[PDB]
Amino acid sequence: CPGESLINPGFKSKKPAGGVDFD
Amino acid sequence: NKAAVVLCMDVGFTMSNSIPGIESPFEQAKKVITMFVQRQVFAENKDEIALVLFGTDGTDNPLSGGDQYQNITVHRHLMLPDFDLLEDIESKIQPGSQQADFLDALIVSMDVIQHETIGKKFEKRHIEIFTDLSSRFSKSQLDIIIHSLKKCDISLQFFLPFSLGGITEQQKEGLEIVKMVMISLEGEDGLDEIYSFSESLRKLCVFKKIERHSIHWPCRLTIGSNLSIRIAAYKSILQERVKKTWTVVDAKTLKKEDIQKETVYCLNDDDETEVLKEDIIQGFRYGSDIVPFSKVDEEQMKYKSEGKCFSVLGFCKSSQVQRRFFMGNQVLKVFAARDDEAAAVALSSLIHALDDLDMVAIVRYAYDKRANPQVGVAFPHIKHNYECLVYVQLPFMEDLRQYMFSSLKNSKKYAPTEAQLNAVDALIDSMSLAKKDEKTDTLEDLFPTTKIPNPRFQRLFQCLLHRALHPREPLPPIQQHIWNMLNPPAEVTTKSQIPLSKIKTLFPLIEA
DNA sequence: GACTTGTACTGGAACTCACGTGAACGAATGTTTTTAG
């Protein structure tokens, strides 16, 4: 399945938190 | 803060003589008195109440004089309510056989409320008259009474067997005099301040709500390192808990000091040895092992921050913040600093800008130094009377759960048919809890859930009162009015009877 | 028939997760009472 974490199968990988990025 | 209430009541013979079906006013006034006493007792607002009766055989007043000021008694003085007053009301008060002038009773009430109020602070003062206005009287001291009431700033109330305000001429004269007294004291608004026994019972059948006063939280809303607006935050909505908790007492003597609680620690050895508190250190679990972590070391490594921070991390569109992601157990309301015009102007400008642009502020909030920082959303709230920011917490990365659920629209075996959809539509239409105002202005809520007191506290107070008055009998069943207020109007069920039958016919539900 | 070995089933216990009650501690903020000048 696309977007599936390799470390923890069955849970979609979480994107790293970027914080605040002004446009 | 505190209030002094002189409850003046009629015990004349005219009350006893009435149609049995009408529930003669003596019993209704007694029930109202009792209900008010319970409401005051179980709501510890630090209020003083005294009891005066007129029309009784005996005479006990500070002022006696001659034939005037007779057949009146001051049963209770200015003191906190207690169950002894309830017991006295229940049985120690019985109807008499004499008559009295309620003007003299009002004079006695003024005398007691003016003489027993010294040495205490009272922001309010009230006097409630319970009479049927069926006793002959003469009007010769009204002006002085009105002058005294105006000077002392004491409110007045009246409770009569009839709502208007088939009656006798004396009752009509009583109505005229009481109406004149109310008009003189306040005016047009005072006409509606004459209640009835049934209406008052309708409003006094529910215990008072648990009221807590939030303490203002001052801080500074910061946008960068140069802009700062002084603000004060209050807690608007939170889950309410009982102020008092149950106390464990020994079954026999019923004392708290005869039972003690303590904790000890032991090891896994068969001997079951014991160790002292100081010889215990906290640790955590790292996989299949335990990593010791002393409290001092934790404090040394602990994440240190600066408390009392209300900083605007950024501004984002309202559509990007969903209600389903709200966290926390509280909602904060942020106003400008009290007695600060510049802060008010700045906050108003920010609120108006956010409302116009349809934006919310993602902010960092920390209650104090030892409070974990939080990321939350502040959004405007503009009302004719007031405008303020509303702050609600937001989730972190660790607080989001990734759960997968099958689609319902694409299912081939769970797809409802046209008839089922029509039945569900009919059910939804029938069970509507909001009604248009003749399709003219707006909607009206038939079953507003925000005005329903929590049944838990009502049940607790009911059971406590029943145990106090009846130590032997078991607890009673839940009162009917609680169920009535916890259920929708019967019109909804009457309308929905048939659609529910249709849905039952069309949907084959089977219990496995 | 009695014992020994091996296989299969399975109902309950253990564990984890979540919520609610009760208590202590710091911490604050405000408010009330007592004492000094």
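Order of the sequence lines fixes the chain letters, A, B, ..., with proteins taken first and strands second; residue numbering starts at 1 for each chain.
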Distances under 3.5 Å between nitrogen or oxygen atoms of protein and nucleotides 14-23 of chain C:
unit_1: C:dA18; atom_1: OP1; unit_2: B:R401; atom_2: NH1; d: 3.0
unit_1: C:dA18; atom_1: OP1; unit_2: B:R401; atom_2: NH2; d: 3.0
unit_1: C:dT21; atom_1: OP1; unit_2: B:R456; atom_2: NH1; d: 3.4
unit_1: C:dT21; atom_1: OP1; unit_2: B:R456; atom_2: NH2; d: 2.7
unit_1: C:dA23; atom_1: OP2; unit_2: B:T245; atom_2: OG1; d: 3.0

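- Contacts of residues 286-297 of chain B with DNA chain C (heavy atom under 4.0 Å): none.
- Counting only Watson-Crick and G-U wobble pairs whose two distances sit under 3.5 Å, DNA chain C takes part in no stem of three or more pairs.
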Pair B:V74, B:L51 - check side-chain contact (heavy atoms from CB on, under 4.5 Å), show working. CA-CA 6 Å; B:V74 175; B:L51 191 68; over 6 Å; no
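- Salt bridge B:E48/B:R125: absent, no basic N to carboxylate O contact under 4.0 Å.
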What does the list of N/O pairs under 3.5 Å between the protein and nucleotides 29-32 of chain C look like, with a distance for each?
none

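- For residues 299-324 of chain B, no residue pair satisfies the salt bridge (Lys or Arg N to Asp or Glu O under 4.0 Å) rule, not counting sequence neighbours.
- With ring centers used as reference points, B:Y391 lies under 6.0 Å from B:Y365.
- A:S5 contributes a side-chain N or O that, together with a main-chain N or O of A:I7, makes up a donor-acceptor pair within less than 3.5 Å.
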Please list, for nucleotides 24-26 of chain C, all pairs of protein and nucleotide N/O atoms separated by less than 3.5 Å.
none

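- Aromatic ring orientation, B:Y234 versus B:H216: tilted (interplanar angle from 30° to 60°).
- Salt-bridge check for B:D88 with B:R76: passed, with a basic side-chain N closer than 4.0 Å to an acidic carboxylate O.
- Salt bridge annotation for B:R212-B:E240: present, with a cationic side-chain nitrogen under 4.0 angstrom from a carboxylate oxygen.
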